[PDB]
Amino acid sequence: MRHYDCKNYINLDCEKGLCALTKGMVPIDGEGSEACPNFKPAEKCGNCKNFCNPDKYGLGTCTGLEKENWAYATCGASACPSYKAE
Amino acid sequence: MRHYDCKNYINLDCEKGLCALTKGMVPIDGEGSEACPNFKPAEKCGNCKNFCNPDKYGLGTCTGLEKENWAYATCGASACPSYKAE
Amino acid sequence: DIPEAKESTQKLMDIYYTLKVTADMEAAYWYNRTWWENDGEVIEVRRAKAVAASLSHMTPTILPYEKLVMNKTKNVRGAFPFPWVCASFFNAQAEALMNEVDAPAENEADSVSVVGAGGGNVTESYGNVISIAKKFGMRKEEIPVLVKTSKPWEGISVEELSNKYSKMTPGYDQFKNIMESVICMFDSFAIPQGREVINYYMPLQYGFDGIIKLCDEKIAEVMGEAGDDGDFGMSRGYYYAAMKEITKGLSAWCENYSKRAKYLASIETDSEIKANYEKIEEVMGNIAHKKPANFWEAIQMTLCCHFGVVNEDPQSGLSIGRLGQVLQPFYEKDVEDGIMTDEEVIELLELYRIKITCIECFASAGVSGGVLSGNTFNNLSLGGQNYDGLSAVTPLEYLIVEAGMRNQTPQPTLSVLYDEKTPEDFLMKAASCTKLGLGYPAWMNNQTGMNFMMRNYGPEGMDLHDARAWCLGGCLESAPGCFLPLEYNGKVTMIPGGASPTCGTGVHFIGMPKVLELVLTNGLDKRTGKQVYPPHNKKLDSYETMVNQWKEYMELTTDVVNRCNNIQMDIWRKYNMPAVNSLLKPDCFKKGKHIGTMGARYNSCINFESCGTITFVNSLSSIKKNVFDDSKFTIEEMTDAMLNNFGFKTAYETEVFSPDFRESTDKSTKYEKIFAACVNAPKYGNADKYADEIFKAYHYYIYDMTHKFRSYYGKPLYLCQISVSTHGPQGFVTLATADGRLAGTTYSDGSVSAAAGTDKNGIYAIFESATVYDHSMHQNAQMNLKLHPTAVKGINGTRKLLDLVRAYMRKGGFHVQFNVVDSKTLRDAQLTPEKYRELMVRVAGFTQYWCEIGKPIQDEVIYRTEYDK
Amino acid sequence: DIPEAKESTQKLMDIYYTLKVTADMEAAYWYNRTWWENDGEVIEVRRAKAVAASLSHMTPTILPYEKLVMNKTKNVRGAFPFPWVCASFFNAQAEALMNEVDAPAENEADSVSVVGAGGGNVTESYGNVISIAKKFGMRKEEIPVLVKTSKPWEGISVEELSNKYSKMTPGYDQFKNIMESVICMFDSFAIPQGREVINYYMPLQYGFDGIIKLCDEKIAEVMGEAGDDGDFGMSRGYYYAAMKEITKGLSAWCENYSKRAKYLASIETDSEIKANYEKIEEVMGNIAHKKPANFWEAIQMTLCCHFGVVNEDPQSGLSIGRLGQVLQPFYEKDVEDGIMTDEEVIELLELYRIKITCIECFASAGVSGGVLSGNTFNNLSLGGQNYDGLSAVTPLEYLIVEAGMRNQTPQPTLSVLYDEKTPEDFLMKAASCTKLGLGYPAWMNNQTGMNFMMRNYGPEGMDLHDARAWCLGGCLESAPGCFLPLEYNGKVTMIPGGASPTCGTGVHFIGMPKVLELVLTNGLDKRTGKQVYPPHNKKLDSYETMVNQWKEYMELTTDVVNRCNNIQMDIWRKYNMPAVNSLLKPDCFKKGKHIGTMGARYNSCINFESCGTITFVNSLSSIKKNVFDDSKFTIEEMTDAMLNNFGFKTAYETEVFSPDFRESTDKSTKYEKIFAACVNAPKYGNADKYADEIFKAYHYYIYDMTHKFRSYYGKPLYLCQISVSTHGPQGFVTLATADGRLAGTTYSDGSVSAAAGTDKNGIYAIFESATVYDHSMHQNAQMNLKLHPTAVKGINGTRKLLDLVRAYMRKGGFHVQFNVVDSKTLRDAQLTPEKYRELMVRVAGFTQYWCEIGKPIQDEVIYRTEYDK
Ligand code: SF4
Ligand code: SF4
Ligand code: SF4
Ligand code: SF4
């Protein structure tokens, strides 16, 4: 629901990024951070089928491989070879 | 309750042992495996304060160390630096 | 006039200036996960697989307007932690944060080190951003990832595992004392690669598919075979398996950028920007596999390599090297065939500066602020001699200087390997850039450097050909190189590339004036109250006795730090050896040995770093003159005067870190006489034989001293003498010194620069003092000079500047670099930094934005002698 | 008259015969736990700590009547698994047990291997006991522990990790076919230590406290120092830290025994037995720390070392070496200073035989049954030459022979290093023991062995002094030694001890007749229908073409196995290096290098093992005479005759594995003529130049072949030629051979023994055939002879036997050992084992209880030509 969650988001730094479409700088947090109608979800462990059981901090379990491991929900997943959109 | 669980038990092999007091051969299982009045418990993980929560197979947890580890109840403990009788 | 920067460059710089230095966890999460998932795997492969995953599973970031792409992380000024190397400087902070208790105090080195609060630095937590190591912004939601990623490393990071074995050396306690007093600035494990020159040869020559094929062939040849080598023969097989894995990693990483470029193209409504995206997709998809086939692909492939290596260890000073020569074959073919114009080449080179400028080194504040002032020292060297001993200057190098003129950024710093064979027009071109006051190009002596190469690396077979391939690792860390035959465009070109591991590792910056202090205070650090060295209890009855006690303390210091730092790097090279750099660095691939097992061609790279040389020499001059020669004062008087800061208020109170002030406290009159004797005693850098003899003696002693010690590679140490920013923190912990320098204030910058305000006989007297010894005796010698802009007005002023450089070079001087600025301007930017966002100054071996330099170094730069003509 | 064994001995032996071979989990549990608890520790130290814990956390068992104490485990005939080395031979069984499904089928080698079902062997599960690997009884309740302990090692055991890299060798598939067909008996990882000689010097000289002190001194000297050694300089420090850890381990382990003794004393009412337990307490409490100060302590200390090493890896053939010389200084002081009588020393020596006899090797059935027949080859060598080149025979050595006479047990086997300098009385003493038919002592040629040492280890600087210190690792694996100066009793004695790693590892038993078979069958294994070698499709048109094709398959076999086994051993030496043995083996401690990094003085130890040499030579002889020389038969006819077993029933049906039984079928007469020509062709061992020339040619070929290959230590392979029990399994997988030997029956025994029933020209003719080449060209040469007890009746019998040995020895014969038995007693015992529980026979380099020997080897032994004079 934030630019930060969008596939069109271009990362810059800890506080802001760019919208690929508008090429305008957008905030991660707070006022002006909500997704626009053109939103497309960026691939993240948080929206992967192999990601489960997060805790309060977003730390969860990756079942992508035979042996389970931990993962984090906000971890970028566009380059994980096992990512599978939920 | 069995010779095999006694401190005076002298291990021999997978089926039998010796009684230290009699020097006689005694079985681990079956007829004649029951402990006598002189029985004194041998130190094993199963009777250590640091041992806990054994499953059906005697596989429990050793808390003898800061990080917990697995242990097995029938494991000899006369030589474990951290053993303490329950 | 300087042509304006390209539109892309300008837009990207606009975005650049707003960016925050950001640490995230992706690479670290992936390295950690893959490492442990492969627990039990042969170390080389386990390591390569982990690095491979940490690269190729990251989110790839591409910005609009970019032509050249890639970054260390998904962020632009991004980095990540390496808890498997070291974590103590953040892991207690992180865990305090999760537990909601107060963050613990920094250690001494970090605490005395300043990170510039301005620019992109995040020196304080704000909003949802945590400041890590007083510099890096990490989103709050990643702190828990940081903690969980770092936890498995307790007791076993290079840091902590090496500390266990260090604790077994007889000198451990002594070593601890030295670190805690900041007599030694930092630990080698902090940055175990760097201060070296990367070698781009392999990917440029073969492409990644080609390298994988070579690995497969070597595996088939040697897997299971030792030859006659019971030590490393069997290990060859695992090396090639490891190299296949890391190479697949680098390939997948490039594919990720291609895929991202493809996506962005698909949603780009601006046709022009869409074209870039599609060019990027092609370039990245190509260099994922093929030998580069044009300039764009080739320079982009060097970036992939460069990013690959700075992502496999925390490090500074992975030098680009002589990119203008490496890429000349790719450049000239594109211009020949009309695939690119020079202006288009200049655009890539402009954009390239942005990429290099954005490389961040995530490390403790003692390193990032205390030493680096944030710069990562990706040094690009120019000119020198080629394989055949002729001028190496290429037409591409002119363009690199041009790009540095049109797009003024701190990086890459440019370094002219000044040589008499260099064409005048290139020399003038370089000088016209230097006179701008960007700080680059710096000027280093090709001949002196080659001489040091032949001397230091002679025992390893260094020849004239490899010597000619040398250039600067990091700022000034002369690093071995060699030429390798790049086939391209139907011809073979011998291109340079680095040929050693780190040349800026071992015994790190020793505050020599501080060691002198403790000679005078009998081993006790009066600043902290802590007894650092065993009291010597010697009556300092003579200059010789005092100097001998300094030597004794210096050798003890060197000994215990050396032993511990050997363990640090040895643990690192055994359990954490380079993957990417072991692929790239000759002769690893040829021998089937990685960097840890001396695959590199030249391994006599480990060294000893001095700091405060001139402060130190000037202090000896003062003591010798005022106490032992003229007997005008007693050693007790001198010591008392130093301990009381000559009655002046201390920098610990005033926060002025140069002689620029001296808040003249009442008690100063008490010391006014001795203080004047101290200021007035002969000073280095005035062609004064009294001071210069001491300076000369120091050099012959220190050469002899360092070479008695052996690195983990079994080679003698040598001297590296730069300051970087270290004269800040080490000045801070040093009380007033006998040369009149006050407490807590910076040491002299560099190593042959005159101490602040002590050069009173012209620049040439400094040149003369600096060259009373042969600079090739050591790795380097570092000189800073500041000229008033009016001093180099006009093409005449360009020539005047070049002639000043030639005068010094021809005396055998190793290095000179310039500020060209009015110091009033700097004083002004200090009062209001917000008003000077793009202002840059030359500090020491690096250029940096004023706003990201801490006050102590700012003060020091302001106070450097300003020459009028 | 042979005196009765001591009372203690009789009591313990009474107990011994009832014992079941037992596997439990304590050591494995503790090794595993400690291993993973120290994950990330430097490998040497991690390994040392895990081994130390596996010893010092085990339940210590002491039996009443024992004087010498200690065992591998809490059980008497005990062992435990090493899942970190290998596990596949049991981990599927155990998980199948846990899943209550049928146990998986055995692999080929295991399936064709027989563990003798009598004596202490647990060949089938019963009651609450599981038979592991067809031999070891493990209590059911430990199965879950076995499983849980093994699980972390998936993919990363030596076995499985090395398998991964072996798959990257070009000959992997070829290698697998070789293993599956059992052409190569087993993998080096199964027993990565052994076939070597332990060295007891360090703890005899220093004691454990002393060793720790030495380590502390070395650590202070070298920790963090590389010297000039960039390869292993830094590693020295970790080596000493590791040695300190394992020494603390051995110390604590001894203390556990001391504590157990203390307790047993406290509940013992028999005054005599109580005093004895207290003596044990004192002994064990003493050797936990102090240098041994008497004979009891000294031999007890060698036991601690010996159990230490055999507990750190799966292994067989860790030889005790020349115990009578090593311990002479302790022995002589005690008998001189009123501490012991000779009879008391004899008692400890009898008791010592029980301890060694009870040593068990936990490994796959292919190893324990197919190869070892359960024996663990703790070979004790006697005599030879001392440091100063004089006879080495000591008074203590007579006592060792005496003890082997009074207490007749399989181990330690005794090996006389026959030398012309050996006093006649000792020769006669040893002969008088050999004549008993216990199989020991065996007789090995001191001079030939020393010659092999000088030849093979000459490139590593082997000299006359070290060569004199040699003796047999395992059965006949001539292994380097050296002398070291033991200070004891006011003087220094140069005592022997081993000085190499394993000398029986590399390319393991290659069934040479089976390779010949596949020459004839075009690479197709007709026994199994699997294509093992690519078909050569060469018309076997001449003897030379056939032989050359054999060599080709032999060289291919050797290449692919060698490369995989190098990987196996290389992985082991890098991730599983010895700890106890790296402390003990010179020159590890001196150099600060463990066995993995060539700390041992002599590393040209890896070798190639042949099997079925005579079956092979005899088959060549038959084919050459019958097919190619006389042209009486075609190669096709020969082959068809072989494939059809000459028309007889196969041992696969008859279960008689010798020529003793031959059941005709319908096809019998069809083949009767070619069979007779096969049986009647010249046979090796008859001084028949036709067969002997082939035998000679083979020896020159195989020398040349093996030395083309390199081990993981980067040294040439050489030939080891024994059979152990391996002629069983490998004979089993081989169809009928051209020498008339029928399908599935045993290969000839040893390597220069006559094939069964083919020696028709007397013993001296065997001697003549055997020595047509210089035995020093190879590691060894193994001869078995069987005499009827009447042939050696009386002292003159003794002398006749000795003279027989000397005749052979003097021709250069490397080795001869005797059965002295009426073969009808053997046939009887095979019928009713319960009647002959104590019956022992000599097989090949070992003595074993008949009841524990599988039928194939029994049949083989029964059939060996019996000489009545
Ligand atoms: S497309 Fe919309 S939600 Fe996505 S980054 Fe742009 S403005 Fe934000
Ligand atoms: S499979 Fe990949 S993207 Fe999915 S949860 Fe696991 S690590 Fe994240
Ligand atoms: S229970 Fe009694 S008979 Fe059994 S071992 Fe213990 S003391 Fe001996
Ligand atoms: S402390 Fe020792 S005896 Fe107790 S449960 Fe743990 S391992 Fe077993």
Side-chain angles (χ1 to χ4, degrees), chain A residues 1-12 16-28 32-54 58-86, chain B residues 1-12 16-28 32-42, chain C residues 25-26 29-30 32-34 37 53-54 56-59 64 145 263-264 267-269, chain D residues 64 263-264 267-269:
Chain A
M1 77 132 293
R2 300 172 294 150
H3 312 286
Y4 197 68
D5 308 289
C6 182
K7 194 177 185 194
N8 296 330
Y9 184 75
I10 312 298
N11 294 264
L12 299 180
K16 53 187 188 297
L18 293 178
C19 162
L21 308 181
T22 67
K23 291 161 197 59
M25 204 163 274
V26 303
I28 294 171
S33 63
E34 333 87 333
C36 101
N38 292 131
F39 176 93
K40 290 150 78 174
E43 293 152 0
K44 302 198 180 191
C45 297
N47 61 36
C48 176
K49 290 185 184 182
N50 310 131
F51 185 83
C52 72
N53 269 315
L59 299 187
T61 295
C62 171
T63 62
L65 307 172
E66 171 186 337
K67 199 190 294 172
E68 298 189 352
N69 221 138
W70 74 270
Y72 68 100
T74 57
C75 186
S78 63
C80 176
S82 287
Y83 174 80
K84 193 170 178 189
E86 57 191 8
Chain B
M1 167 257 154
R2 286 180 306 166
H3 303 269
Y4 189 67
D5 311 302
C6 180
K7 194 176 191 168
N8 301 322
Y9 181 74
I10 313 279
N11 294 270
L12 288 184
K16 61 191 173 295
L18 281 193
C19 166
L21 304 182
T22 75
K23 331 267 182 287
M25 205 136 304
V26 304
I28 295 177
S33 57
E34 332 76 41
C36 86
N38 277 125
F39 174 97
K40 283 147 57 180
Chain C
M25 290 301 301
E26 274 188 349
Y29 162 79
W30 280 116
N32 183 69
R33 179 182 174 169
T34 312
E37 284 182 343
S54 78
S56 65
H57 297 181
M58 268 191 299
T59 296
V145 182
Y263 175 80
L264 294 174
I267 59 166
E268 185 52 50
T269 63
Chain D
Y263 177 76
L264 293 179
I267 71 183
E268 178 60 33
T269 59

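Throughout, a chain's letter reflects where its sequence line sits, starting with A, and its residues are numbered from 1. Start at 1 and go down the list; that is how both ligands and their atoms are numbered.
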Which residue and non-hydrogen atom of the protein lie closest to atom 7 (S) of ligand 1, and at what distance in Å?
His3(A) ND1, 3.3 Å
Pi-cation contact, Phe39(B) with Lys7(B) (under 6.0 Å, within 45°)
no
Heavy atoms only: which of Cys62(A), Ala73(A), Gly46(A), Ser78(A) is nearest to atom 6 (Fe) of ligand 2?
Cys62(A)
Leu18(A) side chain near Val26(A) side chain, heavy-atom distance below 4.5 Å:
no
How close does the nearest protein non-hydrogen atom get to atom 4 (Fe) of ligand 2, and which residue and atom is it?
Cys48(A) SG, 2.4 Å
For the residue pair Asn8(B) / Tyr263(D), report whether a side-chain donor-acceptor contact shorter than 3.5 Å exists.
yes
Would you say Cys80(A) has an N, O or S atom lying under 2.8 Å from atom 2 (Fe) of ligand 2?
yes
Considering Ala79(A), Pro81(A), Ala77(A), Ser82(A), which one's heavy-atom position lies nearest to atom 3 (S) of ligand 2?
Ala77(A)
Going by atom types alone, do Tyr83(A) and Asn47(A) pair a side-chain donor with an acceptor below 3.5 Å?
yes
Backbone, side chain, both or neither: what part of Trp70(A) comes under 4.0 angstrom of ligand 2, heavy atoms only?
neither
Side-chain heavy atoms of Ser33(A) within contact of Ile28(A), under 4.5 Å:
no
So that I can tick it off, tell me whether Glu268(C) and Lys23(A) are bridged by a salt bridge, with the cut-off set at under 4.0 angstrom between side-chain N and carboxylate O.
yes
Proximal atoms of ligand 2 relative to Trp30(C) (non-hydrogen, under 4.0 Å):
7 (S)
List ligand 1 atoms under 4.0 Å from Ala35(A), heavy atoms only on the residue side.
3 (S)
Give me the nearest non-hydrogen protein atom to atom 2 (Fe) of ligand 1 as residue plus atom name, then the distance to 0.1 Å.
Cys36(A) SG, 2.7 Å
Close approach of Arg33(C) to ligand 2, heavy atoms, under 4.0 angstrom
yes
Under 2.8 Å from atom 8 (Fe) of ligand 3, is there any N, O or S atom belonging to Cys19(B)?
yes
Distance check, rounded to the nearest 0.5 Å: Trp30(C) atom CH2 versus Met58(C) atom CE?
12.0 Å
Run the contact test for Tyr72(A) against ligand 2 with a 4.0 Å cut-off on heavy atoms, strictly below, and give the result.
no
Atom 5 (S) of ligand 2 sits nearest the protein heavy atom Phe51(A) CB, 3.5 Å
Please confirm whether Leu21(B) approaches ligand 3 to less than 4.0 Å, judged on its heavy atoms.
yes
Mind checking whether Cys45(A) contacts ligand 2 via backbone (N, CA, C, O), side chain (CB onward), both or neither, at a 4.0 Å heavy-atom cut-off?
both
Does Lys84(A) NZ have over 12 foreign heavy atoms under 6.0 Å away?
no
What distance separates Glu68(A) CD from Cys62(A) SG, expressed to the nearest 0.5 Å?
8.5 Å
Would you check if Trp70(A) and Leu59(A) make a side-chain contact, meaning some heavy-atom pair closer than 4.5 Å?
yes
Against heavy atoms of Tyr83(A), which atoms of ligand 2 measure under 4.0 Å?
3 (S)
